[PDB]
Protein chains: 2
Amino acid sequence: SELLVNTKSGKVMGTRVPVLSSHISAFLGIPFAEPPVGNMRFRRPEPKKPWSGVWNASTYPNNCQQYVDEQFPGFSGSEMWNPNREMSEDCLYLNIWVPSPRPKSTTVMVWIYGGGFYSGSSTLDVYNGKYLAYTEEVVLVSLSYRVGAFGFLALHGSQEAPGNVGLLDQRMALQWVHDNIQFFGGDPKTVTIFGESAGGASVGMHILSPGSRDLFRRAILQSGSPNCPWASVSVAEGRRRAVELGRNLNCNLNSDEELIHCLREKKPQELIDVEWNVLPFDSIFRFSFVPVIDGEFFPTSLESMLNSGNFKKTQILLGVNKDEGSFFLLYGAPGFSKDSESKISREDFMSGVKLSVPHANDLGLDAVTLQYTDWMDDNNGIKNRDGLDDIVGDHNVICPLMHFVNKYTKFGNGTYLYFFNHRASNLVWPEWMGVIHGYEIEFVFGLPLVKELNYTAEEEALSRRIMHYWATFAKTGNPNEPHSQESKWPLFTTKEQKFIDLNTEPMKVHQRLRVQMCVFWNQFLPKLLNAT
Amino acid sequence: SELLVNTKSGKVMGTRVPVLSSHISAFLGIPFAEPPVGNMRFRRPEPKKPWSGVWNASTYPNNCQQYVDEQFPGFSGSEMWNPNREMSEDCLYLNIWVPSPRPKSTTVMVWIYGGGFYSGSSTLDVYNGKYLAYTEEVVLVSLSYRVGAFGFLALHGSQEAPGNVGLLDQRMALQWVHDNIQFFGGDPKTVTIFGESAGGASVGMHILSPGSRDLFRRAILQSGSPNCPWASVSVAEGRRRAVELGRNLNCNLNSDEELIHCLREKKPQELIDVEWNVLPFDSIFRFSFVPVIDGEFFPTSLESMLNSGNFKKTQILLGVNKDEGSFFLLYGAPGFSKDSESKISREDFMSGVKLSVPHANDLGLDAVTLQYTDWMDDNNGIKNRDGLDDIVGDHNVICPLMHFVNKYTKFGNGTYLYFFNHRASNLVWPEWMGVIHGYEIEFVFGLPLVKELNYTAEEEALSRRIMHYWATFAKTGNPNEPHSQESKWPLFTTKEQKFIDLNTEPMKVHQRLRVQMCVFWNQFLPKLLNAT
Ligand SMILES: *[C@@H]1O[C@H](CO)[C@@H](O)[C@H](O)[C@H]1NC(C)=O
Ligand SMILES: *[C@@H]1O[C@H](CO)[C@@H](O)[C@H](O)[C@H]1NC(C)=O
Ligand SMILES: [Xe]
Ligand SMILES: [Xe]
Ligand SMILES: [Xe]
């Protein structure tokens with residue numbers, strides 16, 4: 001049986017899933033770790049003990065315990081990101097889509113979900129790997145990992161809650177893939193990790209961590225980078241936040257042991273209920289429990305790692321979307337709402353800047369304000385809206401990624417960069433939000449190939465285009481087909497810094513993505529903030 | 001006789017001068033002060049003792065002692081600004097052009113030359129008042145004043161060299177005009193002061209100084225403003241420079257008396273020979289001996305005066321040229337020369353920024369560099385040249401003027417603003433220098449009306465246009481003719497901030513001149529420099 005697979009952990013039995021007038025095999029909810037429940041909460045993950053008999057891998061697993069978005073109840077735009085399974089601390093499972101007939105040894109793609117490290121699920125409809133697996137004949141894996149306090153609570157010095165354990169969950173899943181994917185027909189020598197936002201940051205973190213480097217071949221980073229301002233904190237900030245969590249739940253704080261024992265006796269939802277209260281500033285695009293620069297997963301600071309080339313040297317493909325910031329302004333900044341054009345006043349504007357750069361003094365806020373205001377028309381609600389959108393996206397996603405990319409390419413073996421700026425024809429979010437954080441994913445996973453989804457033909461072709469770039473890069477380290485008539489995605493180099501747009505129009509090549517603003521964010525503002 | 005005039009100082013006899021196929025009367029070299037020679041060097045001026053008999057006012061007077069530009073010997077472009085008479089400390093004279101027949105009581109215009117307070121002459125060909133006087137039927141006066149150490153050496157506390165005495169020379173000439181111009185047919189109630197660069201700054205200084213305010217009716221400021229960074233220094237910087245001058249000439253420095261007695265025994269040229277050595281920084285557009293904020297001529301700081309409205313409330317007309325900086329880059333910055341396109345390298349660029357903002361720390365230099373670099377093409381020699389040109393002009397002329405204008409208009413009774421961007425057809429300077437500091441003057445004084453000068457017809461019409469605006473504003477406080485078919489120069493207001501271009505094309509109205517860059521220079525950079 002195609003649906004029966006014997007692994008080093010035990011036998012698994014899958015299920016046949018139809019896809020695009022055909023079928024493939026799916027192995028859903030395979031365990032790669034022991035349930036991190038009870039006294040194991042906050043601990044590093046443990047490998048799953050092998051099992052006798054046959055593991056039923058015919059249904060999706062539980063999702064990890066997480067904050068749930070209720071901002072727009074019943075609205076597909078936001079609920080599509082919410083967990084679609086029962087939530088549980090027993091959530092360390094992975095899913096595999098395998099072409100039929102079973103390959104012998106083909107390209108493997110492993111997806112790491114995003115969600116600001118406070119959320120996410122491997123089981124979402126927009127992450128269904130069957131179209132990709134089927135259309136590009138790759139073995140498609142999606143992993144899971146602990147989020148929020150369960151995954152990133154950090155009390156540096158202790159071994160009960162060391163921090164970064166969510167990252168170690170990813171790593172453990174990458175290890176199981178390395179050791180077992182051959183039985184599903186995958187080539188563990190040709191494994192590509194890919195993820196979006198916190199997932200793309202994660203990908204870059206595995207590139208940096210000496211401990212993950214060997215578990216994969218190449219990497220794809222979508223709208224995220226390891227050095228994003230929201231993706232990590234110091235060991236000292238991590239512990240302040242942990243203690244403050246303890247304070248919100250009336251814990252004994254005399255010591256780490258006391259604190260930790262208190263938090264392990266709380267129900268998951270009690271933790272989640274107070275999670276947002278531990279942020280140090282009134283801010284947007286900032287998350288409570290995130291990776292920590294601990295001197296182990298991350299031996300030194302990221303900048304130090306990037307500058308010295310202390311990282312995996314291989315090929316990467318990566319890029320951003322045109323309106324990365326709009327999601328966060330809608331949810332948190334004044335003046336923005338779902339059902340209006342969200343034309344923004346000067347007052348709201350400057351209040352948005354303060355929220356967007358919570359760590360800056362007044363001079364720096366000023367600097368930001370100056371760079372993004374048109375002083376010939378400073379009261380234009382639309383210009384104000386759009387400038388804040390660029391601020392949030394530039395500072396939190398694009399410019400950190402551009403810095404990663406330039407730093408990386410100096411030592412890497414190949415970089416491919418893109419800019420995704422297609423506004424999908426069937427978007428349910430308002431037009432002012434433009435090309436939103438996360439809305440390239442449905443194209444990467446081939447949803448427009450599905451008729452009832454209502455995409456145009458141009459959109460299906462775009463999807464097919466993007467899938468073949470990703471899968472081809474995964475297989476060979478280059479998104480381009482050598483013997484192809486189609487236009488060439490050029491290599492990003494130090495010198496020329498070329499990139500492509502991704503949309504339904506003919507490929508256009510550009511250079512130095514957002515270089516004017518990223519010099520501000522990556523060089524000037526940090527210098528200002530240190531000198532002041 | 002039309003050429004004979006009895007004043008309160010004594011009788012004067014003029015001369016008939018031909019102008020544009022006609023003739024007018026000229027009274028040249030009339031004394032308004034005692035020769036500030038000997039023990040009077042550096043002192044406040046003294047009114048000229050009246051004389052018996054008839055003063056021969058048929059020839060131009062001596063020019064004041066000044067640095068002479070030899071950078072391009074024999075080149076008309078620079079020598080046209082050099083003194084064209086014998087230099088002398090006995091130089092406090094004024095010149096008057098009077099329509100024929102002698103008016104009864106008409107509009108009076110008084111010209112104050114520029115030259116960075118280290119130089120200038122009332123007798124230059126580009127300052128010949130006969131065309132203006134003749135074409136607009138105004139009584140045209142040009143004054144003179146001490147420059148360099150002779151006029152602005154400042155040892156605050158002493159009465160031998162108090163500083164600002166060059167300004168007091170201007171004031172004394174304005175007093176004589178007030179008291180005597182009626183005899184030449186002028187209306188001392190309707191006197192307009194006008195000047196360019198240090199002359200325009202001077203004009204604005206007389207608007208501020210409670211002591212000059214009453215001596216004139218309205219003001220015209222060309223390419224200059226009282227608050228320019230180069231136009232004044234503190235009493236403490238003034239004295240440092242004076243002492244350093246003393247140091248360069250081996251003076252006794254035990255006290256002001258010693259220092260001053262030493263400097264009065266030196267020949268003029270010995271002072272001039274070391275003048276440039278006392279600047280505090282390697283800089284461009286910075287002058288050694290300038291007005292001092294002394295708490296008398298200027299009761300408080302200028303900003304304080306402008307903010308509180310402590311100034312003459314009347315009408316003003318003022319404006320700038322498109323390439324104010326090029327002159328100073330040519331003479332002082334690396335990469336620039338007279339006979340090349342002066343395409344500028346990144347190295348030269350950043351060395352130009354340092355020279356242009358000598359008082360900034362590295363963070364501020366950075367800020368400047370960022371605002372004026374195109375980071376998509378940072379090695380473009382032409383973009384680099386042009387950005388440095390804008391830097392020098394923005395920081396030293398336009399943005400200080402825009403700040404003056406906005407501050408002034410809040411309390412004044414009428415503002416008219418312009419932007420002069422005509423490159424004269426017969427310019428002898430290279431094209432990269434564009435529309436240069438000082439090259440609006442020849443249009444204001446009507447030189448294009450003179451056939452042998454080689455201007456086009458469009459240029460003559462432009463000139464005629466500009467003269468009639470200036471003279472009409474002088475007469476009524478508005479450059480526009482009420483009953484006129486021609487298009488209207490709109491009033492500058494706080495709200496709308498409108499201005500006009502001045503060139504051979506049809507009038508176009510704009511708003512908020514260089515507002516993007518002047519917010520940087522007038523608000524952000526000063527805040528940065530104080531916080532750092
Ligand atoms: C990648 O590595 C191979 C083998 O070392 C090398 O020959 C090739 O030029 C490199 N490619 C890039 C883009 O650096
Ligand atoms: C100038 O002053 C007059 C008289 O006070 C006033 O009526 C007029 O409105 C003022 N003009 C401007 C432009 O303020
Ligand atoms: Xe994409
Ligand atoms: Xe800036
Ligand atoms: Xe002008």
# chains A, B, ... in the order shown; residues from 1 in each chain; ligands from 1
>>> interface_residues(of="chain A", to="chain B", cutoff="7 Å", atoms="only C-alpha atoms", output="list in words")
residues 363, 375, 376, 512, 515, 516, 528, 531 and 532 of chain A
>>> residues_around(residues="residue B:286", least_positions_apart="5", cutoff="12 Å", atoms="only C-alpha atoms", output="PyMOL selection string")
chain B and resi 115-118+198+228-233+275-281+328+332+355-359+392+395-396
>>> residues_near_ligand(ligand="ligand 2", cutoff="7 Å", atoms="only C-alpha atoms and all ligand atoms", output="ChimeraX atom specification")
/B:412-414
>>> residues_near_ligand(ligand="ligand 5", cutoff="8 Å", atoms="only C-alpha atoms and all ligand atoms", output="list in words")
residues 222, 319, 320, 321, 418, 419, 420, 440, 441, 443, 444, 466 and 502 of chain B
>>> closest_atom_pairs(of="chain A", to="ligand 1", cutoff="9 Å", atoms="only C-alpha atoms and all ligand atoms", output="Markdown table")
| residue | atom | partner | partner_atom_place_in_ligand_line | distance |
| --- | --- | --- | --- | --- |
| A:314 | CA | ligand 1 | 1 (C) | 7.5 |
| A:315 | CA | ligand 1 | 13 (C) | 7.8 |
| A:409 | CA | ligand 1 | 14 (O) | 8.5 |
| A:411 | CA | ligand 1 | 14 (O) | 8.2 |
| A:412 | CA | ligand 1 | 14 (O) | 6.6 |
| A:413 | CA | ligand 1 | 14 (O) | 3.8 |
| A:414 | CA | ligand 1 | 13 (C) | 4.0 |
| A:415 | CA | ligand 1 | 13 (C) | 7.2 |
| A:491 | CA | ligand 1 | 13 (C) | 7.4 |
| A:492 | CA | ligand 1 | 13 (C) | 8.8 |
| A:493 | CA | ligand 1 | 13 (C) | 8.3 |
>>> write_last_selection(atoms="N, CA and C atoms", output="PDB file, in the first residue's frame")
ATOM      1  N   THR A 314      24.702  28.756   1.356  1.00  0.00           N
ATOM      2  CA  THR A 314      23.880  28.033   0.403  1.00  0.00           C
ATOM      3  C   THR A 314      23.099  29.006  -0.472  1.00  0.00           C
ATOM      4  N   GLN A 315      22.050  28.549  -1.155  1.00  0.00           N
ATOM      5  CA  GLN A 315      21.200  29.461  -1.909  1.00  0.00           C
ATOM      6  C   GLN A 315      19.938  29.831  -1.119  1.00  0.00           C
ATOM      7  N   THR A 409      24.285  37.750   0.999  1.00  0.00           N
ATOM      8  CA  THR A 409      24.800  37.576  -0.345  1.00  0.00           C
ATOM      9  C   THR A 409      26.312  37.693  -0.433  1.00  0.00           C
ATOM     10  N   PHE A 411      28.489  36.309   1.404  1.00  0.00           N
ATOM     11  CA  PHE A 411      29.030  34.994   1.692  1.00  0.00           C
ATOM     12  C   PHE A 411      28.223  33.834   1.111  1.00  0.00           C
ATOM     13  N   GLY A 412      26.960  34.022   0.744  1.00  0.00           N
ATOM     14  CA  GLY A 412      26.128  32.920   0.281  1.00  0.00           C
ATOM     15  C   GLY A 412      26.536  32.448  -1.107  1.00  0.00           C
ATOM     16  N   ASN A 413      25.845  31.455  -1.648  1.00  0.00           N
ATOM     17  CA  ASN A 413      26.139  30.846  -2.937  1.00  0.00           C
ATOM     18  C   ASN A 413      25.030  31.141  -3.931  1.00  0.00           C
ATOM     19  N   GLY A 414      24.181  32.130  -3.619  1.00  0.00           N
ATOM     20  CA  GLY A 414      23.115  32.463  -4.550  1.00  0.00           C
ATOM     21  C   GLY A 414      21.863  32.994  -3.878  1.00  0.00           C
ATOM     22  N   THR A 415      21.447  34.169  -4.318  1.00  0.00           N
ATOM     23  CA  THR A 415      20.320  34.914  -3.812  1.00  0.00           C
ATOM     24  C   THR A 415      19.363  35.260  -4.951  1.00  0.00           C
ATOM     25  N   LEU A 491      19.822  36.758 -10.749  1.00  0.00           N
ATOM     26  CA  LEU A 491      20.533  36.595  -9.489  1.00  0.00           C
ATOM     27  C   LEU A 491      20.709  37.945  -8.799  1.00  0.00           C
ATOM     28  N   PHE A 492      20.449  38.008  -7.496  1.00  0.00           N
ATOM     29  CA  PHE A 492      20.746  39.228  -6.751  1.00  0.00           C
ATOM     30  C   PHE A 492      22.244  39.255  -6.471  1.00  0.00           C
ATOM     31  N   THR A 493      22.926  40.336  -6.819  1.00  0.00           N
ATOM     32  CA  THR A 493      24.341  40.403  -6.438  1.00  0.00           C
ATOM     33  C   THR A 493      24.633  41.649  -5.626  1.00  0.00           C
TER      34      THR A 493
END
>>> select_by_dssp(residues="stretch 38-169 of chain B", states="strand (DSSP E)", output="PyMOL selection string")
chain B and resi 54-56+93-98+106-112+139-142
>>> write_last_selection(atoms="C-alpha atoms", output="PDB file, in the first residue's frame")
ATOM      1  CA  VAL B  54      30.182 123.799  -3.179  1.00  0.00           C
ATOM      2  CA  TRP B  55      30.901 120.075  -2.962  1.00  0.00           C
ATOM      3  CA  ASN B  56      31.887 118.652  -6.356  1.00  0.00           C
ATOM      4  CA  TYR B  93      29.991 108.461   0.647  1.00  0.00           C
ATOM      5  CA  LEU B  94      26.650 108.081  -1.064  1.00  0.00           C
ATOM      6  CA  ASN B  95      25.474 108.512  -4.657  1.00  0.00           C
ATOM      7  CA  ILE B  96      22.202 109.893  -5.993  1.00  0.00           C
ATOM      8  CA  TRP B  97      20.577 109.634  -9.450  1.00  0.00           C
ATOM      9  CA  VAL B  98      17.749 112.147  -9.945  1.00  0.00           C
ATOM     10  CA  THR B 106       8.843 111.141  -5.453  1.00  0.00           C
ATOM     11  CA  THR B 107       9.619 107.542  -4.508  1.00  0.00           C
ATOM     12  CA  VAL B 108      13.133 107.003  -3.118  1.00  0.00           C
ATOM     13  CA  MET B 109      15.109 103.750  -3.432  1.00  0.00           C
ATOM     14  CA  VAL B 110      18.267 103.173  -1.413  1.00  0.00           C
ATOM     15  CA  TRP B 111      20.617 100.361  -2.441  1.00  0.00           C
ATOM     16  CA  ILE B 112      22.826  98.517   0.036  1.00  0.00           C
ATOM     17  CA  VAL B 139      15.340 109.104  -7.009  1.00  0.00           C
ATOM     18  CA  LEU B 140      17.937 106.322  -6.711  1.00  0.00           C
ATOM     19  CA  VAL B 141      20.453 106.361  -3.869  1.00  0.00           C
ATOM     20  CA  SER B 142      23.366 103.986  -3.267  1.00  0.00           C
TER      21      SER B 142
END
>>> residues_near_ligand(ligand="ligand 3", cutoff="12 Å", atoms="only C-alpha atoms and all ligand atoms", output="short mmCIF file (atom, residue, chain, number, x, y, z; two decimals) with N, CA, C and O atoms, in the first residue's frame")
data_model
loop_
_atom_site.label_atom_id
_atom_site.label_comp_id
_atom_site.auth_asym_id
_atom_site.auth_seq_id
_atom_site.Cartn_x
_atom_site.Cartn_y
_atom_site.Cartn_z
N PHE A 194 10.91 26.65 3.97
CA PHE A 194 10.26 27.90 3.58
C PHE A 194 9.19 28.31 4.59
O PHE A 194 8.51 27.47 5.18
N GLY A 195 9.04 29.62 4.78
CA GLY A 195 8.06 30.13 5.73
C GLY A 195 7.78 31.61 5.53
O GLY A 195 8.53 32.28 4.82
N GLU A 196 6.70 32.11 6.12
CA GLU A 196 6.31 33.50 5.94
C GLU A 196 6.25 34.24 7.27
O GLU A 196 5.83 33.68 8.28
N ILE A 220 13.85 29.56 1.72
CA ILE A 220 12.95 30.55 1.16
C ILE A 220 12.33 31.35 2.30
O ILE A 220 11.74 30.78 3.21
N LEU A 221 12.48 32.67 2.26
CA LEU A 221 11.97 33.56 3.28
C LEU A 221 10.98 34.55 2.69
O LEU A 221 11.32 35.39 1.86
N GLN A 222 9.74 34.43 3.15
CA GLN A 222 8.65 35.25 2.67
C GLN A 222 8.26 36.28 3.73
O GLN A 222 7.77 35.96 4.82
N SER A 223 8.48 37.55 3.40
CA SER A 223 8.04 38.65 4.25
C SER A 223 8.56 38.50 5.66
O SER A 223 7.84 38.74 6.63
N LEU A 317 16.12 32.16 -1.74
CA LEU A 317 15.12 32.91 -2.48
C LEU A 317 14.24 33.62 -1.45
O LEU A 317 13.85 33.00 -0.46
N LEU A 318 13.95 34.89 -1.70
CA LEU A 318 13.18 35.64 -0.70
C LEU A 318 12.64 36.94 -1.27
O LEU A 318 13.01 37.39 -2.35
N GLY A 319 11.72 37.54 -0.50
CA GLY A 319 11.06 38.73 -1.01
C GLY A 319 10.01 39.26 -0.06
O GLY A 319 9.80 38.77 1.05
N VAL A 320 9.33 40.32 -0.52
CA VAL A 320 8.35 40.98 0.33
C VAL A 320 7.08 41.32 -0.44
O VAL A 320 7.06 41.20 -1.66
N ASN A 321 6.05 41.76 0.27
CA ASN A 321 4.85 42.29 -0.36
C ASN A 321 4.82 43.81 -0.27
O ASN A 321 5.46 44.46 0.56
N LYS A 322 4.03 44.38 -1.16
CA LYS A 322 3.96 45.83 -1.31
C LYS A 322 3.33 46.53 -0.13
O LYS A 322 3.75 47.66 0.15
N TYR A 416 18.07 35.07 -4.70
CA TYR A 416 17.05 35.49 -5.65
C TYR A 416 16.02 36.32 -4.88
O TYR A 416 15.46 35.88 -3.87
N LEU A 417 15.78 37.54 -5.36
CA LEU A 417 14.87 38.40 -4.62
C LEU A 417 13.66 38.83 -5.43
O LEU A 417 13.73 39.07 -6.63
N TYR A 418 12.52 38.95 -4.74
CA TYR A 418 11.30 39.41 -5.37
C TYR A 418 10.50 40.45 -4.58
O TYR A 418 10.69 40.62 -3.38
N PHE A 419 9.61 41.10 -5.31
CA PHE A 419 8.64 42.06 -4.79
C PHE A 419 7.25 41.71 -5.33
O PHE A 419 6.95 41.87 -6.51
N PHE A 420 6.40 41.20 -4.44
CA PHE A 420 5.06 40.75 -4.79
C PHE A 420 4.06 41.89 -4.64
O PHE A 420 3.87 42.37 -3.53
N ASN A 421 3.46 42.31 -5.75
CA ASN A 421 2.58 43.47 -5.72
C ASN A 421 1.31 43.22 -6.53
O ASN A 421 0.83 44.14 -7.20
N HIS A 422 0.78 42.00 -6.44
CA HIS A 422 -0.52 41.74 -7.03
C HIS A 422 -1.62 41.75 -5.96
O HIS A 422 -1.59 41.00 -4.99
N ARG A 423 -2.59 42.61 -6.19
CA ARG A 423 -3.80 42.67 -5.38
C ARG A 423 -4.81 41.67 -5.94
O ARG A 423 -5.33 41.85 -7.03
N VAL A 435 -1.81 45.23 -1.00
CA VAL A 435 -1.24 43.89 -1.06
C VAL A 435 -0.65 43.52 0.31
O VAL A 435 0.47 43.89 0.66
N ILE A 436 -1.47 42.81 1.06
CA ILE A 436 -1.40 42.61 2.48
C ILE A 436 -0.45 41.49 2.91
O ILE A 436 -0.25 40.50 2.21
N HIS A 437 0.12 41.69 4.09
CA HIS A 437 0.91 40.70 4.79
C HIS A 437 0.19 39.35 4.74
O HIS A 437 -0.91 39.22 5.25
N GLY A 438 0.82 38.37 4.11
CA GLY A 438 0.28 37.03 4.08
C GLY A 438 -0.46 36.68 2.81
O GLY A 438 -0.83 35.52 2.61
N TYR A 439 -0.71 37.64 1.92
CA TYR A 439 -1.59 37.28 0.80
C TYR A 439 -0.83 36.84 -0.43
O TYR A 439 -1.39 36.71 -1.53
N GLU A 440 0.47 36.57 -0.26
CA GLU A 440 1.21 35.89 -1.31
C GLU A 440 1.15 34.37 -1.12
O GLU A 440 1.30 33.60 -2.07
N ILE A 441 0.91 33.94 0.11
CA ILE A 441 0.84 32.53 0.46
C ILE A 441 -0.15 31.75 -0.38
O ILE A 441 0.20 30.70 -0.95
N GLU A 442 -1.38 32.22 -0.50
CA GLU A 442 -2.39 31.51 -1.29
C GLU A 442 -1.94 31.32 -2.74
O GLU A 442 -2.42 30.40 -3.41
N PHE A 443 -1.03 32.16 -3.22
CA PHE A 443 -0.47 31.96 -4.56
C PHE A 443 0.65 30.93 -4.52
O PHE A 443 0.88 30.13 -5.42
N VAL A 444 1.40 30.94 -3.41
CA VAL A 444 2.50 29.98 -3.35
C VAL A 444 1.96 28.56 -3.18
O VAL A 444 2.60 27.61 -3.63
N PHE A 445 0.79 28.43 -2.55
CA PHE A 445 0.22 27.11 -2.32
C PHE A 445 -0.78 26.70 -3.40
O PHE A 445 -1.42 25.64 -3.32
N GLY A 446 -0.95 27.51 -4.44
CA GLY A 446 -1.73 27.14 -5.60
C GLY A 446 -3.23 27.22 -5.51
O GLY A 446 -3.97 26.64 -6.30
N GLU A 459 -4.39 35.09 -12.62
CA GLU A 459 -4.07 34.75 -11.25
C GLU A 459 -3.71 33.28 -11.14
O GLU A 459 -2.80 32.90 -10.41
N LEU A 462 -0.39 33.14 -12.69
CA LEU A 462 0.60 33.71 -11.77
C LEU A 462 0.98 32.68 -10.71
O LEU A 462 2.15 32.39 -10.49
N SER A 463 -0.03 32.10 -10.07
CA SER A 463 0.18 31.01 -9.12
C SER A 463 1.08 29.93 -9.70
O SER A 463 2.07 29.53 -9.08
N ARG A 464 0.73 29.46 -10.90
CA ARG A 464 1.46 28.33 -11.48
C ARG A 464 2.91 28.75 -11.68
O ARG A 464 3.85 27.99 -11.45
N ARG A 465 3.05 30.01 -12.09
CA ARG A 465 4.38 30.59 -12.24
C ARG A 465 5.12 30.56 -10.91
O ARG A 465 6.28 30.18 -10.76
N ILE A 466 4.42 31.01 -9.86
CA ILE A 466 5.18 31.11 -8.61
C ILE A 466 5.53 29.73 -8.08
O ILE A 466 6.63 29.50 -7.58
N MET A 467 4.61 28.78 -8.18
CA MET A 467 4.91 27.44 -7.67
C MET A 467 6.11 26.82 -8.37
O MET A 467 6.94 26.11 -7.79
N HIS A 468 6.19 27.08 -9.68
CA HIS A 468 7.27 26.42 -10.43
C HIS A 468 8.62 27.07 -10.13
O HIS A 468 9.64 26.38 -10.10
N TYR A 469 8.64 28.38 -9.90
CA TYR A 469 9.84 29.05 -9.41
C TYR A 469 10.27 28.45 -8.06
O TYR A 469 11.42 28.05 -7.91
N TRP A 470 9.35 28.39 -7.10
CA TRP A 470 9.73 27.89 -5.78
C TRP A 470 10.22 26.45 -5.90
O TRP A 470 11.27 26.08 -5.40
N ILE A 500 13.01 41.11 -9.14
CA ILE A 500 11.86 41.09 -10.01
C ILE A 500 10.58 41.40 -9.25
O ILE A 500 10.47 41.20 -8.04
N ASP A 501 9.58 41.89 -9.98
CA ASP A 501 8.23 42.03 -9.47
C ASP A 501 7.53 40.68 -9.64
O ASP A 501 7.92 39.87 -10.47
N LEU A 502 6.47 40.47 -8.87
CA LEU A 502 5.68 39.27 -9.12
C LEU A 502 4.21 39.69 -9.20
O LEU A 502 3.64 40.11 -8.20
N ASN A 503 3.68 39.56 -10.40
CA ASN A 503 2.31 39.96 -10.70
C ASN A 503 1.91 39.43 -12.06
O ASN A 503 2.69 38.74 -12.72
N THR A 504 0.69 39.75 -12.48
CA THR A 504 0.20 39.17 -13.73
C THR A 504 0.73 39.91 -14.94
O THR A 504 0.34 39.64 -16.08
#
>>> closest_residue(among="A:253, A:329, A:173, A:80", to="residue A:126", atoms="only C-alpha atoms")
A:80
>>> residues_around(residues="residue A:265", least_positions_apart="6", cutoff="10 Å", atoms="only C-alpha atoms", output="PyMOL selection string")
chain A and resi 38-39+41
>>> residues_around(residues="residue B:83", least_positions_apart="3", cutoff="10 Å", atoms="only C-alpha atoms", output="list in words")
residues 62, 63, 64, 65, 66, 67, 68, 69, 79, 80, 86, 87, 119, 120, 121, 122, 123 and 124 of chain B
>>> residues_around(residues="stretch 7-17 of chain B", least_positions_apart="5", cutoff="6 Å", atoms="only C-alpha atoms", output="PyMOL selection string")
chain B and resi 23-27+50-51+54-58+180
>>> write_last_selection(atoms="C-alpha atoms", output="PDB file, in the first residue's frame")
ATOM      1  CA  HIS B  23      19.949 112.372 -19.696  1.00  0.00           C
ATOM      2  CA  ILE B  24      19.558 112.677 -15.918  1.00  0.00           C
ATOM      3  CA  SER B  25      21.368 114.307 -13.003  1.00  0.00           C
ATOM      4  CA  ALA B  26      23.883 112.474 -10.856  1.00  0.00           C
ATOM      5  CA  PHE B  27      25.289 113.541  -7.531  1.00  0.00           C
ATOM      6  CA  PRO B  50      28.828 120.808   7.214  1.00  0.00           C
ATOM      7  CA  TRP B  51      30.919 122.634   4.613  1.00  0.00           C
ATOM      8  CA  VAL B  54      30.182 123.799  -3.179  1.00  0.00           C
ATOM      9  CA  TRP B  55      30.901 120.075  -2.962  1.00  0.00           C
ATOM     10  CA  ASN B  56      31.887 118.652  -6.356  1.00  0.00           C
ATOM     11  CA  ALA B  57      29.716 115.534  -6.734  1.00  0.00           C
ATOM     12  CA  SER B  58      30.605 114.842 -10.338  1.00  0.00           C
ATOM     13  CA  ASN B 180      18.106 115.782   2.935  1.00  0.00           C
TER      14      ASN B 180
END
>>> closest_residue(among="A:183, A:287, A:154, A:308", to="residue A:240", atoms="only C-alpha atoms")
A:154
>>> closest_residue(among="A:369, A:84, A:310, A:485", to="ligand 4", atoms="only C-alpha atoms and all ligand atoms")
A:369
>>> select_by_dssp(residues="stretch 115-316 of chain A", states="helix (DSSP H, G or I)", output="PyMOL selection string")
chain A and resi 125-127+130-136+148-152+165-184+198-208+213-215+235-248+256-265+268-272+275-278+302-308
>>> residues_around(residues="stretch 204-215 of chain B", least_positions_apart="3", cutoff="10 Å", atoms="only C-alpha atoms", output="VMD selection string")
chain B and resid 167 to 168 170 to 179 188 to 195 198 to 201 218 to 221 224 to 227 231 291 296 to 300 302 305 to 306 309 to 314 316 404
